[PDB]
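Working notes, structure below.
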């Protein structure tokens with residue numbers, strides 16, 4: 001019994017959401033940004049993918065010249081990182 005070689009880390013909902021709470025503290029967050037909805041969209045995925053989402057979100061902001069990032073940038077990033085939905 002047990003994964004004696006392939007050790008894949010998997011944090012809880014709050015645990016993984018904290019990763020976004022942390023890595024978002026450098027970019028201008030909007031007046032009512034919802035990160036809860038974002039973490040709920042990421043099943044299985046580890047913190048490495050979450051860091052990718054944080055980066056890709058800023059990319060989505062820059063193309064629309066957004067100085068303050070919204071939830072849209074993050075969820076669009078999630079869809080771009082996991083690449084499940086087409």
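Bear in mind that the values in this text are calculations on the coordinates, not laboratory data. Every residue, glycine among them, receives a Cβ derived from its backbone with ideal geometry; neighbour counts consider all protein chains shown.
If one takes the longest principal axis of the Cα atoms in the chain, at what angle in degrees, from 0 to 90 and to the nearest 10, does the Cα axis of helix 71-82 lie?
It is inclined by approximately 40 degrees.
Find the relative contact order for the chain and round it to a whole percent, using C-alpha pairs within less than 8 Å whose residues are 6+ positions apart.
Once divided by the residue count of the chain, the mean separation gives 32 percent.
Angle, helix 47-63 long axis vs. longest principal axis of the chain, Cα atoms, 0 to 90°, nearest 10?
Taking the Cα atoms of the chain, the angle to 47-63 is about 20 degrees.
Would you compute, from DSSP H runs of 4+ residues alone, the mean residue ellipticity of the chain at 222 nm, taking -39500 (n - 2.57) per run and dividing by the full residue count, rounded to the nearest 500?
Theoretical 222 nm ellipticity from helices: -16000 deg cm²/dmol.
Could you work out the pair-distance distribution P(r) of the chain from its alpha-carbon pairs, with 5 angstrom bin width and percents rounded to whole numbers?
Distribution as computed: 3, 14, 26, 24, 15, 9, 4, 3, 2, 1, 0 percent.
Could you tell me the calculated FRET efficiency between residue 26 and residue 4, based on Cβ-Cβ distance and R0 = 41 angstrom, to the nearest 0.05?
0.60
If you count, for each residue, the other Cβ atoms within 10 Å and average over each peptide, how do 50-61, 10-21 line up from highest to lowest?
50-61, 10-21
Where does helix 13-23 land angle-wise versus the long Cα axis of the chain, in degrees 0 to 90, nearest 10?
Roughly 40 degrees, rounded to the nearest 10.
Tell me the label-point distance for the pair residue 65, residue 79, using the 7 Å Cα-to-Cβ offset, in nm and rounded to one decimal.
Spacing of the two 7 Å Cα→Cβ label points: 2.4 nm.
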